[PDB]
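Single chain ahead, written as structure tokens, the form deposited in one PDB entry.
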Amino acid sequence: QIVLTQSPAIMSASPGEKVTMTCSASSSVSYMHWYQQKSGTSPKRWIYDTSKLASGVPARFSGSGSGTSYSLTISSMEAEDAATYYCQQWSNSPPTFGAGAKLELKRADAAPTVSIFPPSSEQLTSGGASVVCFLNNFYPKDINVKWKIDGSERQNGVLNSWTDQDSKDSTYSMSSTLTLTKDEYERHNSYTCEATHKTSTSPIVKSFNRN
């Protein structure tokens, strides 16, 4: 029940940048290990006994530390390095893990490309009504969406979904889905999806009228 803290839990680096992530232990520890995990797959031993590199691992990675403070470093960030890194200890049973440090690629900021979609006729006939909004290929990941029905905001029956960072352009995307009953839907006329991103001070807004 030794506790490992990795902070911050999220960070971002441009390629070429030096990256350092730390793992502090609640009490002293003789060795620290590190795993790399990419979404979709199991963790890989990356560094073990503090500073030894696992077979696959390129030289730009290094590890150091002692006692209660340990670190993993990338001399020069590369694209394939985007992943989540976990520290772990087994100087006392039971073994324990840090909560991981997610390392994303930095890139030039990009505004969301926004599209709103009214319910298909097929869906309506079954009595449901889903209004969908795509916010596509933006950076960075911080984003906020707002729904408005007849100019007034609605925050019920809304469900959101984010992609992982895209592997080729390093952008992010998300869907927002307002799900109503056909009844509620047919009562109003104007439906607007409103997106706030740091790229612009003024929201991006897509709308449509049921008409």
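Residue numbers here begin at 1 and follow the sequence given.
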**Asked** Given the B-factors recorded for C-alpha atoms, which segment has the greater mean, 67 to 75 or 122 to 130?
**Response** 122 to 130
**Asked** Got a sec? Mean C-alpha B-factor, which is higher, 165 to 173 or 40 to 48?
**Response** 165 to 173
**Request:** Tell me which of 20, 24, 192, 12 tops the list for C-alpha B factor in the record.
**Result:** 192
**Of the residues 156, 55, 62, 30, the one carrying the largest Cα B-factor as recorded** = 156
**Request:** Ordered by C-alpha B-factor within the chain, which third holds residue 205? Give me lowest, middle or highest, please.
**Result:** highest
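The same protein has a further form, the form deposited in another entry, not shown here; the description that follows concerns it.
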**Item:** Comparing forms between this form and the one not shown, the hinge position between rigid parts, one of 105, 172, 176, 23
**Value:** 105
